[PDB]
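Below sits a lone chain in C-alpha cells, taken as the form deposited in one PDB entry.
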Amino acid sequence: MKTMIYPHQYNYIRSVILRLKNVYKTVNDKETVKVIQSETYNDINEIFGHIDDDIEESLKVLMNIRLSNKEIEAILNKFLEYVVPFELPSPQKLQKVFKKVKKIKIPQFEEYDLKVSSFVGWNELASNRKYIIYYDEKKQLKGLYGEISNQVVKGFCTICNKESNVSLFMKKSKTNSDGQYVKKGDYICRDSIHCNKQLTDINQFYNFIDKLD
C-alpha cells in the first residue's frame, strides 16, 4: 500500500532480469557474472521505497548462478502485485481532455496492460489518428491526438527508443501568428502497449511530448 512501484520501473526490473538470464547463456567469464548479478541486485531494491517481507523471498530466487525460464515468471508475476496501475478515466472527464472530439471511447485494457503502461495510446484508424493519454509530473489528465500514417516500418521508436514497428506520428501545432499551423512529430510504436512494455524510463516519453508542443 506504501511500497508502491511504477509501471516503467517494473519494465526496467524485467529488462535487467532478462539481461541476467542471458549472461547465463552468452558470457563465459566467471568474474563478470559476479558484478553483473551484484549490479542488478542494488538496482531493484533502490527502486522500491523500502524492502518488505516478501522482498527477501523474491531476491532469493535470483541468487542462483543458473536461473530457468519458469523461474522468471514469478519472480516477475510476484513482482507485478507491487505496481500502481494506470488510472483509466471515465468518458466524462475524458471528454474534457479531448473537448472537441465527438464522445470518444476507450478500447480493451487487461489488468496486465495498465500495469505496464506509463501512457495510454490507441489508434482510431477511421480517422488515421492516434489518441494518447498520460499523467505528467503531477498526477493529472493530459491528453493529445495526432495523425498517424498508415505505413508500418522497421525502425527505432522515438519514445521507447527501441527498434519496433513504427509509424510516423504528427501533431498539428501553431506557427508565428494565428491561422498558421505546421505539423510536428516522428516515428513511434504503432501499438502503444508494446511501446509501454519497453518504456523503461517515463522521461523518454515526456521528452517526446515536449518535442511536439
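Definition used throughout: the rigid core is the maximal C-alpha set that superposes within 1.5 Å between two forms. In case it trips you up, residue 1 is the first one in the sequence shown, and so on.
*Asks:* So 181 to 189 or 48 to 56, which one's hotter by mean CA B-factor in the entry?
*Replies:* Here the higher of the two C-alpha B-factor means belongs to 48 to 56.
*Asks:* Taking the recorded C-alpha temperature factors, which stretch has the higher mean, 13 to 21 or 200 to 208?
*Replies:* 13 to 21 has the higher mean C-alpha B-factor.
*Asks:* By the CA temperature factor listed in this entry, which of these ranks top: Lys103, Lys142, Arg129, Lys138?
*Replies:* Max CA B-factor in the entry, restricted to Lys103, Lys142, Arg129, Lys138: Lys103.
*Asks:* Whose C-alpha has the highest temperature factor in the PDB entry: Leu67, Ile159, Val152, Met170?
*Replies:* Spelled out: the listed residue with the top C-alpha B-factor is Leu67.
*Asks:* Considering only modelled residues of the same chain, in which third does the CA B-factor of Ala74 rank: lowest, middle or highest?
*Replies:* Highest third - that is where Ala74 ends up once the chain's C-alpha B-factors are sorted.
*Asks:* For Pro91, does the deposited CA B-factor place it in the lowest, middle or highest third of the chain?
*Replies:* Tercile = highest for this residue's CA B-factor.
Although it is not shown, the form deposited in another entry is what the next lines describe.
*Asks:* At a 2 Å cut-off on C-alpha positions, does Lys154 qualify as shifted between the shown form and the other one after fitting the rigid core?
*Replies:* It does not reach a 2 Å shift.
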